[PDB]
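Novice: Here you go, this is structure17.cif (mmCIF, C-alpha atoms and all ligand atoms).
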data_protein
loop_
_atom_site.label_atom_id
_atom_site.label_comp_id
_atom_site.auth_asym_id
_atom_site.auth_seq_id
_atom_site.Cartn_x
_atom_site.Cartn_y
_atom_site.Cartn_z
CA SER A 1 0.00 0.00 0.00
CA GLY A 2 0.92 3.73 -0.38
CA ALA A 3 0.02 7.05 -2.07
CA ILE A 4 1.47 10.39 -3.40
CA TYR A 5 -0.05 13.56 -1.95
CA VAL A 6 0.56 16.58 -4.23
CA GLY A 7 -1.55 19.75 -3.90
CA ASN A 8 -5.23 18.74 -3.77
CA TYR A 9 -4.55 15.31 -5.37
CA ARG A 10 -3.91 11.78 -4.06
CA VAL A 11 -2.18 9.36 -6.51
CA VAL A 12 -2.67 5.66 -5.82
CA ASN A 13 -2.46 2.29 -7.64
CA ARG A 14 -5.82 1.96 -9.45
CA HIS A 15 -6.26 -1.67 -8.22
CA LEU A 16 -5.90 -0.50 -4.56
CA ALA A 17 -8.18 2.63 -4.83
CA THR A 18 -10.82 2.99 -2.08
CA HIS A 19 -14.59 3.88 -2.29
CA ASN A 20 -13.58 7.45 -1.26
CA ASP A 21 -11.05 7.60 -4.10
CA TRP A 22 -13.67 6.61 -6.68
CA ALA A 23 -16.29 9.04 -5.15
CA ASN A 24 -13.74 11.92 -5.61
CA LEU A 25 -12.32 10.68 -8.97
CA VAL A 26 -10.24 13.15 -11.07
CA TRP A 27 -8.68 10.71 -13.58
CA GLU A 28 -7.89 6.98 -13.86
CA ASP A 29 -6.15 4.82 -16.42
CA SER A 30 -6.43 1.04 -16.19
CA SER A 31 -3.60 0.64 -18.77
CA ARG A 32 -1.25 2.50 -16.29
CA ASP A 33 -2.66 1.07 -13.00
CA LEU A 34 -3.16 4.70 -11.81
CA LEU A 35 -5.99 6.58 -10.14
CA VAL A 36 -6.00 10.20 -8.94
CA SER A 37 -8.64 11.41 -6.48
CA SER A 38 -9.20 14.91 -5.02
CA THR A 39 -8.34 15.78 -1.37
CA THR A 40 -9.43 18.39 1.19
CA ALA A 41 -6.04 18.64 2.92
CA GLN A 42 -3.05 20.13 1.09
CA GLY A 43 -0.36 17.64 0.00
CA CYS A 44 3.33 18.51 0.08
CA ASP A 45 5.06 15.89 -2.13
CA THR A 46 7.09 17.28 -5.07
CA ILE A 47 6.92 15.51 -8.45
CA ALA A 48 10.12 15.01 -10.45
CA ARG A 49 10.19 16.46 -14.04
CA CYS A 50 13.21 14.65 -15.55
CA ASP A 51 14.60 11.59 -17.41
CA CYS A 52 16.47 10.08 -14.35
CA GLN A 53 17.06 6.32 -14.49
CA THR A 54 18.47 6.08 -10.92
CA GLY A 55 16.64 6.60 -7.67
CA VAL A 56 15.61 5.09 -4.34
CA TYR A 57 12.37 3.19 -3.60
CA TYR A 58 10.61 2.19 -0.38
CA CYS A 59 10.14 -1.59 0.01
CA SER A 60 7.43 -2.33 2.63
CA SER A 61 8.21 -6.13 2.66
CA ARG A 62 11.73 -5.30 3.96
CA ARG A 63 10.88 -1.99 5.88
CA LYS A 64 13.82 -0.49 3.94
CA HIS A 65 14.73 1.83 1.06
CA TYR A 66 16.86 0.49 -1.82
CA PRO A 67 18.82 2.33 -4.52
CA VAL A 68 17.96 1.18 -8.11
CA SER A 69 18.68 1.76 -11.80
CA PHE A 70 15.37 1.61 -13.68
CA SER A 71 14.24 1.49 -17.31
CA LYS A 72 12.50 4.24 -19.35
CA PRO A 73 8.64 4.27 -19.13
CA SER A 74 7.36 1.74 -21.67
CA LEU A 75 4.67 -0.87 -22.58
CA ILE A 76 5.40 -4.00 -20.55
CA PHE A 77 3.52 -7.31 -20.34
CA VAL A 78 1.69 -7.90 -17.04
CA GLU A 79 0.18 -11.32 -16.11
CA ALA A 80 -3.48 -11.84 -15.09
CA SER A 81 -4.62 -11.05 -11.53
CA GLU A 82 -7.96 -10.63 -9.64
CA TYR A 83 -7.81 -6.94 -10.76
CA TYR A 84 -6.81 -7.25 -14.47
CA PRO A 85 -6.65 -9.73 -17.39
CA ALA A 86 -3.21 -10.33 -19.10
CA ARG A 87 -2.29 -7.04 -20.87
CA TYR A 88 0.42 -4.46 -21.70
CA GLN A 89 0.76 -1.87 -18.93
CA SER A 90 1.99 1.47 -20.29
CA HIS A 91 4.37 4.00 -18.63
CA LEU A 92 5.94 1.17 -16.59
CA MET A 93 9.66 1.08 -15.56
CA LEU A 94 11.48 -2.06 -14.37
CA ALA A 95 14.39 -2.41 -11.92
CA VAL A 96 16.28 -5.32 -10.37
CA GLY A 97 15.16 -5.34 -6.78
CA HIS A 98 13.03 -7.03 -4.19
CA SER A 99 9.26 -6.73 -4.36
CA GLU A 100 6.39 -9.04 -3.42
CA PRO A 101 2.55 -8.71 -3.06
CA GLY A 102 1.96 -5.91 -0.54
CA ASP A 103 4.71 -3.64 -1.93
CA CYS A 104 2.48 -1.73 -4.41
CA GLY A 105 2.28 1.94 -3.54
CA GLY A 106 5.88 2.37 -2.33
CA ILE A 107 7.37 5.59 -3.66
CA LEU A 108 10.33 5.77 -6.08
CA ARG A 109 12.24 9.10 -5.77
CA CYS A 110 15.21 10.67 -7.48
CA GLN A 111 17.15 13.93 -6.54
CA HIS A 112 14.28 15.93 -8.27
CA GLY A 113 11.37 14.41 -6.31
CA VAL A 114 8.77 11.67 -6.73
CA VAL A 115 9.13 9.57 -9.88
CA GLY A 116 6.45 6.92 -9.41
CA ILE A 117 4.99 4.14 -7.28
CA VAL A 118 5.51 0.34 -7.14
CA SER A 119 2.90 -1.36 -9.39
CA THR A 120 4.31 -4.80 -10.40
CA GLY A 121 6.95 -7.33 -9.30
CA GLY A 122 8.07 -10.89 -9.15
CA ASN A 123 11.28 -12.73 -10.20
CA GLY A 124 13.87 -10.37 -8.54
CA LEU A 125 12.27 -7.44 -10.46
CA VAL A 126 10.16 -4.48 -9.37
CA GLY A 127 7.97 -2.36 -11.68
CA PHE A 128 7.08 1.31 -11.11
CA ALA A 129 4.17 3.24 -12.65
CA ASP A 130 5.70 6.56 -13.77
CA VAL A 131 3.99 9.87 -12.87
CA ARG A 132 6.57 12.38 -14.30
CA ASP A 133 4.51 13.00 -17.45
CA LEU A 134 1.38 14.10 -15.43
CA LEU A 135 2.16 17.79 -15.54
CA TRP A 136 -1.34 18.77 -14.32
CA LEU A 137 -0.60 17.34 -10.81
CA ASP A 138 1.26 20.62 -10.07
CA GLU A 139 -1.60 22.98 -10.95
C1 LIG B 201 1.81 -10.29 -8.66
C2 LIG B 201 1.84 -8.81 -8.26
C3 LIG B 201 1.67 -7.94 -9.49
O1 LIG B 201 2.63 -7.65 -10.18
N1 LIG B 201 0.41 -7.53 -9.80
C4 LIG B 201 -0.81 -7.85 -9.04
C5 LIG B 201 -1.62 -6.60 -8.72
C6 LIG B 201 -1.84 -5.76 -9.97
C7 LIG B 201 -0.51 -5.43 -10.67
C8 LIG B 201 -0.76 -4.66 -11.96
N2 LIG B 201 -0.10 -3.51 -12.08
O2 LIG B 201 -1.50 -5.12 -12.84
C9 LIG B 201 0.17 -6.75 -11.02
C10 LIG B 201 3.08 -8.38 -7.50
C11 LIG B 201 4.20 -9.19 -7.36
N3 LIG B 201 5.36 -8.79 -6.82
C12 LIG B 201 5.43 -7.53 -6.37
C13 LIG B 201 4.36 -6.68 -6.45
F1 LIG B 201 4.47 -5.43 -5.93
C14 LIG B 201 3.18 -7.08 -7.01
ZN ZN B 202 15.19 13.02 -11.57
#
Represent the structure from my file as structure tokens, please.
Specialist:
Amino acid sequence: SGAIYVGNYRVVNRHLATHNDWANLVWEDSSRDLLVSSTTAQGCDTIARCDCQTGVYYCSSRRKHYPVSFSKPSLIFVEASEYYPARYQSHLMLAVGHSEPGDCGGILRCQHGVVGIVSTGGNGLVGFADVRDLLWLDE
């Protein structure tokens, strides 16, 4: 679990969104596993606007942060689950690192700010849904 709080927005994995998230829906994209809902309290996370491929992510299953090199956002195959059929997930970045069910939502950050959130894993890999292209989060 986990979320990004920026301005009057909350960014979460679409498959983990709550009833409150859907009742205050701003935008969602099943192909990216992202949902953005509106908030009453002001968020103070900063979003990165860059092409970094190195950063640090929070891994809940280890209660630790790990440094990673990660790929450029791209269309990557994701296996079937109770939330989605087998499909290509867009804007996804892979890294070699530990992740297991429960880790979705952990933030990936670089020196510029928040890059994205854990969305996939398995096999000594971890996948992050990028948010750097969502320029409207800042306004
Ligand atoms: C199996 C699971 C996963 O990648 N999912 C399930 C939940 C929906 C995900 C999606 N983006 O469609 C795909 C997982 C395995 N290891 C680490 C994780 F953080 C997660
Ligand atoms: Zn950066």
Novice: With distances taken over all atoms listed in the file, which of A:123, A:81, A:13, A:31 is nearest to residue A:94?
Specialist: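 With all atoms listed in the file as the atom set, the closest residue is A:123.
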Novice: Compare A:38, A:71, A:60, A:54 by their minimum atom-to-atom distance to ligand LIG 201 (chain B), counting only C-alpha atoms and all ligand atoms, and give me the closest one.
Specialist: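 Looking only at the distances to ligand LIG 201 (chain B), the closest residue turns out to be A:60.
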Novice: Neighbouring residues of ligand LIG 201 (chain B) are defined here as those with any atom at most 7 Å from a ligand atom, counting all atoms listed in the file; list them as a PDB file with C-alpha atoms, in the frame of the given file.
Specialist:
ATOM      1  CA  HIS A  15      -6.260  -1.670  -8.220  1.00  0.00           C
ATOM      2  CA  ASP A  33      -2.660   1.070 -13.000  1.00  0.00           C
ATOM      3  CA  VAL A  78       1.690  -7.900 -17.040  1.00  0.00           C
ATOM      4  CA  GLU A  79       0.180 -11.320 -16.110  1.00  0.00           C
ATOM      5  CA  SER A  81      -4.620 -11.050 -11.530  1.00  0.00           C
ATOM      6  CA  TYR A  83      -7.810  -6.940 -10.760  1.00  0.00           C
ATOM      7  CA  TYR A  84      -6.810  -7.250 -14.470  1.00  0.00           C
ATOM      8  CA  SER A  99       9.260  -6.730  -4.360  1.00  0.00           C
ATOM      9  CA  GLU A 100       6.390  -9.040  -3.420  1.00  0.00           C
ATOM     10  CA  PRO A 101       2.550  -8.710  -3.060  1.00  0.00           C
ATOM     11  CA  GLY A 102       1.960  -5.910  -0.540  1.00  0.00           C
ATOM     12  CA  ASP A 103       4.710  -3.640  -1.930  1.00  0.00           C
ATOM     13  CA  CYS A 104       2.480  -1.730  -4.410  1.00  0.00           C
ATOM     14  CA  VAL A 118       5.510   0.340  -7.140  1.00  0.00           C
ATOM     15  CA  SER A 119       2.900  -1.360  -9.390  1.00  0.00           C
ATOM     16  CA  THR A 120       4.310  -4.800 -10.400  1.00  0.00           C
ATOM     17  CA  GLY A 121       6.950  -7.330  -9.300  1.00  0.00           C
ATOM     18  CA  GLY A 122       8.070 -10.890  -9.150  1.00  0.00           C
ATOM     19  CA  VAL A 126      10.160  -4.480  -9.370  1.00  0.00           C
TER      20      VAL A 126
END
Novice: Let me have all residues with an atom within 10 Å of ligand ZN 202 (chain B), counting all atoms listed in the file, laid out as a list in words.
Specialist: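 Protein and nucleic-acid residues within 10 Å of ligand ZN 202 (chain B): residues 47, 48, 49, 50, 51, 52, 53, 54, 55, 109, 110, 111, 112, 113, 114, 115 and 132 of chain A.
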Novice: Can you pull out every residue within 10 Å of residue A:65, counting all atoms listed in the file, but drop anything in the same chain fewer than 4 positions away, and send it as a PyMOL selection string?
Specialist: chain A and resi 56-60+106-108
Novice: Env of residue A:35: 8 Å cut, atoms = only C-alpha atoms, seq-sep filter 4 positions within chain, self excluded. Answer as a CSV table (one decimal) with C-alpha atoms, in the coordinates of the input.
Specialist:
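Wrote result_7.csv, looks like this:
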chain,number,residue,atom,x,y,z
A,11,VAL,CA,-2.2,9.4,-6.5
A,12,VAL,CA,-2.7,5.7,-5.8
A,13,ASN,CA,-2.5,2.3,-7.6
A,14,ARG,CA,-5.8,2.0,-9.4
A,17,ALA,CA,-8.2,2.6,-4.8
A,21,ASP,CA,-11.0,7.6,-4.1
A,25,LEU,CA,-12.3,10.7,-9.0
A,26,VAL,CA,-10.2,13.2,-11.1
A,27,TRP,CA,-8.7,10.7,-13.6
A,28,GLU,CA,-7.9,7.0,-13.9
A,29,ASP,CA,-6.2,4.8,-16.4
Novice: Between A:90, A:96, A:41, A:117, which has the minimum distance to residue A:4 (counting all atoms listed in the file)?
Specialist: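 Nearest candidate to residue A:4 out of A:90, A:96, A:41, A:117: A:117.
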Novice: Which residue out of A:135, A:3, A:75, A:95 has the minimum interatomic distance to residue A:45 when all atoms listed in the file are used?
Specialist: A:3
Novice: Ranking A:85, A:127, A:97, A:2 by minimum distance to residue A:62 and counting all atoms listed in the file, which one comes first?
Specialist: A:97
Novice: Would you mind telling me which residue in A:130, A:7, A:68, A:139 lies nearest to residue A:43 when using all atoms listed in the file?
Specialist: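 Smallest distance to residue A:43 is found for A:7.
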Novice: Just give me the gap between atom CA of residue A:73 and atom CA of residue A:91 in Å, one decimal is fine.
Specialist: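 According to the coordinates, atom CA of residue A:73 and atom CA of residue A:91 are separated by 4.3 Å.
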Novice: Please, what distance in Å, to one decimal, runs between atom CA of residue A:72 and atom CA of residue A:93?
Specialist: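 We find that atom CA of residue A:72 and atom CA of residue A:93 lie 5.7 Å from each other.
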Novice: Can you work out the spacing between atom CA of residue A:40 and atom CA of residue A:8 in Å, to one decimal?
Specialist: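 Interatomic distance here is 6.5 Å.
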Novice: Give the centre and edge lengths of an axis-aligned box, in Å to one decimal, that holds all listed atoms of stretch 12-15 of chain A with 8 Å on each side, as lines of an AutoDock Vina configuration file.
Specialist:
center_x = -4.4
center_y = 2.0
center_z = -7.6
size_x = 19.8
size_y = 23.3
size_z = 19.6
